[PDB]
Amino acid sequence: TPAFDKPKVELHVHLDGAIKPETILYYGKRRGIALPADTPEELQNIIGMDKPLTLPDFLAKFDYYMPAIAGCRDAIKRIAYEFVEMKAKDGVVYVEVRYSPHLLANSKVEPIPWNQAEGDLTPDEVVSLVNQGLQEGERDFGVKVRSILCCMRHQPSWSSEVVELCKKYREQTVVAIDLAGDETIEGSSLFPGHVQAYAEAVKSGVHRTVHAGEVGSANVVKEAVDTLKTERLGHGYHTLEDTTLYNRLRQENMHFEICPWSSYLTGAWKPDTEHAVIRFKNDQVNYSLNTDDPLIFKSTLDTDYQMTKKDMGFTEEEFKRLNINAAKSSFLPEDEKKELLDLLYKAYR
């Protein structure tokens, strides 16, 4: 049944949106937090979704569940180990996972997220507990794994902590910075907090990705390329509404992190119109296929590939192409990158 039963590479998936309902339950239960439901299966279809939603409704999902893990050392390391296990069963050989460390913290973080009380788990500790879970995961499951830390659009005052964290934990396992949250906040790409984080990133040799054009206008993409100096785009789909920027981004071979099932579920994509990934396929653009938030979308990687095979004509050949563009556009050291590419070229013939 899998649409593409071969190794893949995944560059766009959020750790906080890729937790096992069973673990949420565990810590919830064990901590007295208080879930909407008390068996694995019920939680899942409560946090899960199958229609487009408001934005408020989407964000509220992270309340149900986040307080159960945030602030808890055990569970922070556990989600990270368990993530890698999950990517094994989808057949991935290399994945970059991303998350905001402030958002699992309950100490030396203002405001404190999710209405937590103040404990003693810091953002910097959060990054080493995820590093541990990810590295012990890699060694047991056979997936090569790096991470990316996210600044958050609405909170530019965390962002220099972000980059400083990327440089502090670099290749152990953090290899890049991202910018995540509400891309429609006016001006948010240019808040000086985020600008100067991404200029430190250029000056320190940290890779950069940014979510832009998933639901913002193409001017948001243009700000991520020209001012934050991004190297890849999260989604990038409204890039098509600006012909000259589209044409220039194909020209320099910009990588687009595409997330098709997520894009229908969130509204980003209207069912009555060509999906932007078909335009990309036909134009030969550099893009990847990715899950975003498997927990919210009740998906695994094969969901994305079954959508595009089924409902869009995608062939094995295209599949192979796109994973090879992923590996080529990953944020690994060049020696490691070429090692990856060898693994896939061999598997693919």
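Just count from 1 along the sequence shown to find any residue number.
Between the stretches 63 to 71 and 278 to 286, it is 63 to 71 that shows the larger average CA temperature factor.
Between the stretches 78 to 86 and 207 to 215, it is 78 to 86 that shows the larger average CA temperature factor.
Comparing C-alpha B-factors across 336, 10, 16, 22 in the deposited entry, the largest value falls on 22. Ranked by C-alpha B-factor against the other modelled residues of its chain, residue 263 falls in the middle third. Annotation for residue 300: CA B-factor lies in the middle third of the chain's modelled residues. Ranked by Cα temperature factor within the chain, residue 96 sits in the lowest third according to the deposited record.
When the modelled residues of the chain are ordered by their C-alpha B factor, residue 152 lands in the lowest third. Annotation for residue 188: C-alpha temperature factor in the lowest third relative to the rest of the modelled chain, per the entry.
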